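A lone chain, given as structure tokens: the form solved without this ligand.
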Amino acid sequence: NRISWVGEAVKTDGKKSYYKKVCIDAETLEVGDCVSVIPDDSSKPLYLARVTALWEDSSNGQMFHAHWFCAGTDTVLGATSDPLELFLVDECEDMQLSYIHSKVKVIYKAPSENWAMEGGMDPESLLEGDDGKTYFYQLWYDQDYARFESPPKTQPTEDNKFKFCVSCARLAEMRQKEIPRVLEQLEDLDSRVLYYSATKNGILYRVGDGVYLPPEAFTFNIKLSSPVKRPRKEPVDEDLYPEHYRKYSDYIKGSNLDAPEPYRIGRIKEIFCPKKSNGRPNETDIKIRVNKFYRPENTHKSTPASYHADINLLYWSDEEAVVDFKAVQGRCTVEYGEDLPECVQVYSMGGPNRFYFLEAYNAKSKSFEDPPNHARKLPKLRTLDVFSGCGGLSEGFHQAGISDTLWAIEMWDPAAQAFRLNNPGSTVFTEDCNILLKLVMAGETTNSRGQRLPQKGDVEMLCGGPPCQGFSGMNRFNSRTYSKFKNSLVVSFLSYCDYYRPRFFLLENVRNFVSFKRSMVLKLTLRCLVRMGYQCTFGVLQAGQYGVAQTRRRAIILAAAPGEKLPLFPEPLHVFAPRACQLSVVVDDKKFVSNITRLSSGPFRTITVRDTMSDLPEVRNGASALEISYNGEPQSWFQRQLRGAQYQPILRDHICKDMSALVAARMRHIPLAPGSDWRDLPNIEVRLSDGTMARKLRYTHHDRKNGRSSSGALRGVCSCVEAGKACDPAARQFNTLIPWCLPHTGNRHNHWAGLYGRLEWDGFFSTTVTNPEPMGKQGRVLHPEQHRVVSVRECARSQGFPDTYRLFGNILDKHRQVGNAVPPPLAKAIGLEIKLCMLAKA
């Protein structure tokens, strides 16, 4: 035979007889030993597990419990992983003892007590270095969220110790945390049992608390007539508008007609369970009775009621609704305004999910004020901000209250000056970050300006966005591009992390950072952090979901030192167009998401172009007055926030690029209706403001793809159309109102949708760029009504900069500073997650 128990049994739990030791052919096995197990096809490598229990089964025979390790190559790291590094996972199962192939040694590599001083790995060590030739683990891994975290520290029961499986225990904790449950009973009525409290997903709900509910959870009293359908596309003069046919897509870039409704908000009146005919309550079916809260836009006053109202302003209602407890999307605080000790602004700024109501809403009296008697300091982290720009990321972190950016590195001098203007106590370095790091590593204390260099222990948080020029393609690395990456600013920034070993680390970038070079930039970044011993994760965030009227996805890498909690990604605050909120990432055929659970709705309504800039005075093309009058108070909640509490007599930087006479005429001929762009231009001559003329565009070749006009005219302008001929200059066709190059190459660029495009008041900005040009890719830069490009101030508003935030240089310098920044509201959301970790640190 081969397998024989060592000793007598220790417990007989039914059909199972547990043992403490077993003997397989020439080895002995005890609880706690590590083993390998062959897979079902010997092509796949060995599985590795820890033995947590051993028992004879009355029917199936000799058994053990395997708590599997995860091979590094099976994580997001893939083949960048240390070949002998394993990761802890909550994966386990009962297994026949006959599946064991060998006993294996696995070492736990704990970070030293002096970990923060052990940095100084060279880039080759960070990128490609491995540990000393044995199986080891340092970190636990979440396979769905791609999170590397310090190993959990669960403790066993006096009855668990002999068979304890930490994976089993943690999975039981998760299941119990996720199943909805009642806790305390309140009163026993004839048909149902009332409760004072319930819990769901770790959140405690009591009678009186506010709940978030899906928009589908209940309707309002409103009996309305159905609105009209989409704008009936009436025919147009195709000779006057030869490019209008290119708008057959019916889809409007930057439009909010597809954004979901925000949550329903209710106050728990009743938590109850149906009582069986037999007396006992059915506690698998928990129901909630709420009073409905009206948002302004839910009243007979439609959407326009939202224009001026506070974003968290509600009205009490006495309409009631019964929903399932499992429908609750979260807890929120809804409290009567004129009974809180603080003021409403301090309240709204002091915590998440805070709403207030001053009046009530009688629906079909359509009136206000209905029955009210029912309604009853850590120190900041010293922060180094690399590639800081003018300071949007540092500004959002400061607003979150977690950071003092004491050092910034910004190579472009106008942005460095702007950072200095907003951060007088900061030390701003303009030289190359490699130079600075090499100086520090050589033992220097000051740079060539006499500025004091940060040293180990000074830097507690490190953040930045490193440029990726040279390796921003999607195709795989070769030797040349990989050398560029090894000597890149990304790797320099990682070397900063390795040297200074801050408590928290943030790398922000364009969304496609997660896909560059077949995701190898991302995988190697994570590999470096793991090699340093950091907890770390990655994800994609949409800036609009955190309160700007702009679509701007960013890739985010977060890391936290051993001893810290690894931050979560922030839950979306505002609803936003779903097409702009694709946050998942596929790496090596594995789809990763973040912890974000608000996927289809959120607490606050979407922020619009109207919210963003309806208060700014009209200005002209080329507006250059640096200091003007606002001409009135803020109108929207967003404007109130960005203008701030203190009266501001002067509006700064509401200045616009001075476009040419031809470009100005084009802009003057873009209609104001939503979705308008160059394809709506007329094919006319126009006398320009400099006496010159704008010529009619007329065709030169037959586009077989697009065919001919409504009445025979060719829709082609170039020998290009032949698809096999070359460009002949005989149709260059300069100084045309309808630009020539857009029909020239439009068939391969989605009709150049959005160029010379107008913003719409109800919509959002396209990604705010460093130099707004109507004929650039992000060409939707025209004001909704004025015949001009958006101003520097309007771009700053689109990024969520306070109006008081100072910029520096000429108009193009200021546009670039604004367009390169992280939006402060996005940075603040991230920082508040970091603050949660600072407060939770054991």
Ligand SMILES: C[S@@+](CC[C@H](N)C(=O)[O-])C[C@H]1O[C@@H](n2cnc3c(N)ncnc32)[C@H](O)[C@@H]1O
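Each form is matched to the other, and the largest set of C-alpha atoms that superpose within 1.5 Å is called the rigid core. The first residue of the sequence shown is number 1, and the count goes up from there.
Omitted from view is the form deposited with this ligand bound, to which the following refers.
Looking at residue 393, you'd find a heavy atom of it within 4.5 angstroms of this ligand in the deposited complex. Among heavy atoms of residue 261, none comes within 4.5 Å of this ligand in the deposited complex. For residue 465, a non-hydrogen atom is located within 4.5 Å of this ligand in the deposited complex, even though that partner is not displayed. Proximity of residue 615 to this ligand in the deposited complex: non-hydrogen atoms within 4.5 Å are absent; the residue sits far from the partner. Taking 410, 149, 460, 760 one by one, only a single residue has any non-hydrogen atom within 4.5 Å of this ligand in the deposited complex, and it is 410.
Of the residues 670, 619, 688, 489, just one reaches this ligand in the deposited complex with a heavy atom at 4.5 Å or closer; this is 489. Residue heavy atoms within 4.5 Å of this ligand in the deposited complex occur in exactly one stretch of 430 to 438, 339 to 347, 175 to 183, 263 to 271, and that stretch is 430 to 438.
In this stretch, 37 to 58, not one residue has a heavy atom within 4.5 Å of this ligand in the deposited complex; the partner itself is omitted from this view. Following superposition on the rigid core between this form and the one not shown, the residue from 279, 371, 578, 632 with a C-alpha displacement of 2 angstroms or more is 371, and no other.
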